[PDB]
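The structure appears right after this line, and notes come after that.
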Amino acid sequence: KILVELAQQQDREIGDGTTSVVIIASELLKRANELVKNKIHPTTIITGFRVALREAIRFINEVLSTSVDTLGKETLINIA
Amino acid sequence: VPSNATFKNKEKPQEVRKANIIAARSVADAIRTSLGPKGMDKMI
Ligand SMILES: [Mg+2]
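Here the protein sequences come in this chain order: C and G.
Letter 9 of the first sequence, counting from 1, is numbered 89 in the UniProt record's numbering, and no numbers are missing.
Letter 37 of the second sequence, counting from 1, is numbered 41 in the UniProt record's numbering, and no numbers are missing.
So this is what it looks like as structure tokens:
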């Protein structure tokens, strides 16, 4: 029911991405199933995902592109 | 030394106290894994 409520949640904030949020969240748990077999405690697994996320959000803000682009808009048509 | 003083009767309370301790320690074993920062959550 967590991913069921997560897919219903994604519509509330952004409104799009319900397909990508479920696949990523299911894969984070899938690969973590072999990490607990290593005896690694989840707090080490959770910290490893959070420290990598803090650097991931900052990396996305560095690689973003401005909406200016060329003279004309050429954005909102491609956004849809 | 034997055969004198008194002899214990109705020894079932001795087993009842053991059955109460064993059943109480079994409950304390499930919550024991949640102790400390390395503890885990329990979903019910
Ligand atoms: Mg979409």
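The beta-carbon is built from N, C-alpha and C at its ideal position, and this holds for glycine as well.
Asked, Found
"Between the CA atoms of G/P6 and G/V20 - distance to the nearest angstrom", "27 Å"
"Closer than 7 Å: C/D96 CB and nearest ligand 1 heavy atom", "yes"
"Per-residue DSSP class, three states only, for G/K12", "coil"
"Spatial distance of G/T37 from C/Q89 (CA atoms)", "32 Å"
"Any 3 or more C-beta pairs closer than 8 Å across the region 28 to 47 of chain G and the region 113 to 126 of chain C", "yes"
"Enclosing alpha helix (DSSP H) for C/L115 [first to last residue]", "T98 to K117"
"Where the alpha helix (DSSP H) containing residue 164 of chain C begins and where it ends", "Look at the range of chain C in this structure, 81 to 160, and you will see that residue 164 of chain C is not part of it."
"Top-ranked residue by Cα proximity to residue 67 of chain C, from C/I103, C/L108 and C/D96", "This structure cannot speak to residue 67 of chain C, because chain C is shown only from 81 to 160."
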